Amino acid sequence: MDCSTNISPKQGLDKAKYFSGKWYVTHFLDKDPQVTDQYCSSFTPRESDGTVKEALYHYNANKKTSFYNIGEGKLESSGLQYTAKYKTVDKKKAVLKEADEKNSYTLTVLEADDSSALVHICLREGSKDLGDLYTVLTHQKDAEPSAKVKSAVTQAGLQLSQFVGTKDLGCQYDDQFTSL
């Protein structure tokens, strides 16, 4: 597998709209999943002098288990795009593994407004691309994405209908973990 190539951040986006609130994934598009388990995710991204830190949460909807990470990276010269190394933590944010130099993700923001966003994420380990994911995001669980963000899905060459909708998965979030 190869992460999608035509990916660059939309220019003219207002970063205070992305580094805002918390995000819940309402729809995801996973190109070549190595597992069949489907997940829910929420994260809280903050930025300061070009360094991003974000608490990251995954819920396995089949096994009904959750795992936790903290990402850190630097904004690119191109705009709202950053490559993040990440720690592995427990629900109390105790560090189980420090960030290393082989594991990272690149996050690119394709659209972001007052209520919603579209972002792309390539997860990598050493020389291999592990996962390519598009995610539609809202600020509350199960809120409808904006017409603008829906338009950006189609602009990106995609069909929203072909994403997995997370509402039917029976998601469970930990809003204490994502807070702050």
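What we label the rigid core is the largest C-alpha set whose atoms superpose within 1.5 Å from one form to the other. Start at 1 and count along the sequence shown; that's the residue number.
Undergrad: Using RMS Cα distance over all structures and residues, flag whichever of 26 to 34 and 45 to 53 lies farther from this form in 6 other deposited structures of this protein after a core fit.
TA: Of the two stretches, the larger average C-alpha offset in 6 other deposited structures of this protein falls on 26 to 34.
Undergrad: So if we fit everything on the core, which stretch drifts more in 6 other deposited structures of this protein, 80 to 88 or 93 to 101, C-alphas only?
TA: Greater root mean square C-alpha distance in 6 other deposited structures of this protein: 93 to 101.
Undergrad: Highest mean C-alpha temperature factor of the two stretches 46 to 54 and 143 to 151, which is it?
TA: Higher of the two, by average CA B-factor, is 46 to 54.
Undergrad: So which stretch wins on mean C-alpha B-factor, 105 to 113 or 75 to 83?
TA: According to the PDB entry, the answer is 75 to 83.
Undergrad: Between 34, 41, 66, 69, where does the Cα B-factor run highest in the record?
TA: Highest C-alpha B-factor among the listed options: 34.
Undergrad: Report the third (lowest, middle or highest) to which the CA temperature factor of residue 128 belongs, ranking only the modelled residues of the same chain.
TA: Answer is highest: the recorded C-alpha B-factor places it there.
Undergrad: What third of its chain, lowest, middle or highest, does the C-alpha temperature factor of residue 169 fall into?
TA: For residue 169, whose C-alpha B-factor we compare with every modelled residue in the chain, the answer is the highest third.
Undergrad: Sorting the chain's CA B-factors, does residue 158 end up in the lowest, middle or highest third?
TA: Its C-alpha B-factor belongs to the middle third of this chain's values.
Undergrad: Within this chain, which third does the Cα B-factor at residue 94 fall in: lowest, middle or highest?
TA: According to the entry, residue 94 has a C-alpha B-factor in the chain's middle third.
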